[PDB]
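Here's a sequence, model it:
(chains A and B)
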Amino acid sequence: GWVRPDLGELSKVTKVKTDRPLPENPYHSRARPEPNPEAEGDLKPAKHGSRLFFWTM
Amino acid sequence: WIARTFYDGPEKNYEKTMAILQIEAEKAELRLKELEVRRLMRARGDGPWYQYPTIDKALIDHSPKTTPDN
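Numbering: from 1, shown residues only, chains lettered A, B, ... in the order given. Here you go:
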């Protein structure tokens, strides 16, 4: 009583019901380094301007 | 008469010089502090400055790759 599969049926993406636990870290990755402090705030005018040699602004 | 019609009082110059000295001292300390901050940021790289670009991780394709072991 075997029915031969039609065209395009064996290439379908199917789902599998399994009790095998999903691997938490299949890549065996380490801990990612801490990103930079990403400082935030409100801009203020430069203290005494450019402070480049004799320029006052 | 000359002092009245041509020149201001002694305090004027005194306090103007005090303000000028204060401003220049702040500028000098800020210059040293900026140089030290530049050195530290270039040496360590944790600061906002001297941030050299790396590969963007959004370019990575996370999908099955026709082989189970990538």
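
distance of residue B:15 from residue B:21?
Noted for residue B:15: a distance of 11 Å to residue B:21, by Cβ to Cβ, to the nearest Å. Every C-beta, even on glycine, is put in place using the N, C-alpha and C of the backbone.

go on, residue A:15?
79 Å.

So these two - more neighbours on which side?
A direct count of neighbours by other Cβ atoms under 10 Å in any protein chain shown for residue A:15 and residue B:21 places residue B:21 higher, at 10 against 5.

tell me which residues in whatever helix or strand that one lives in are buried?
Secondary-structure element containing residue B:21, defined by DSSP states H and E: helix B:10-44. Burial within helix B:10-44, assessed by neighbour count using 16 or more other Cβ atoms under 10 Å in any protein chain shown, is assigned to residue B:27.

Return the residues of chain A in contact with chain B.
Residues of chain A that fall close to chain B, judged by Cβ under 8 Å from any Cβ of the partner chain: A:36, A:37, A:39, A:47, A:48, A:51.

May I see the ChimeraX selection of the buried members of these?
Listed next is the ChimeraX selection for buried residues among these, using 16+ other Cβ under 10 Å:
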select /A:51
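
Which single one of the residues of chain A next to chain B is nearest to residue B:38?
Taking Cβ to Cβ as the measure, residue A:51 is the one of those closest to residue B:38, at 13.5 Å.

Can you verify my assumption that that closest one contacts residue B:27?
Yes. The pair residue A:51 and residue B:27 qualifies as a contact (Cβ atoms under 8 Å) at a distance of 5.0 Å.

List the residues that contact the residue of chain B at minimum distance from chain A.
Proximity of chain B to chain A (Cβ to the nearest Cβ) peaks at residue B:27, 5.0 Å away. The contact partners of residue B:27, taken as Cβ atoms under 8 Å, 6 or more residues apart in numbering or on different chains, are A:48, A:51.

All set, thanks.
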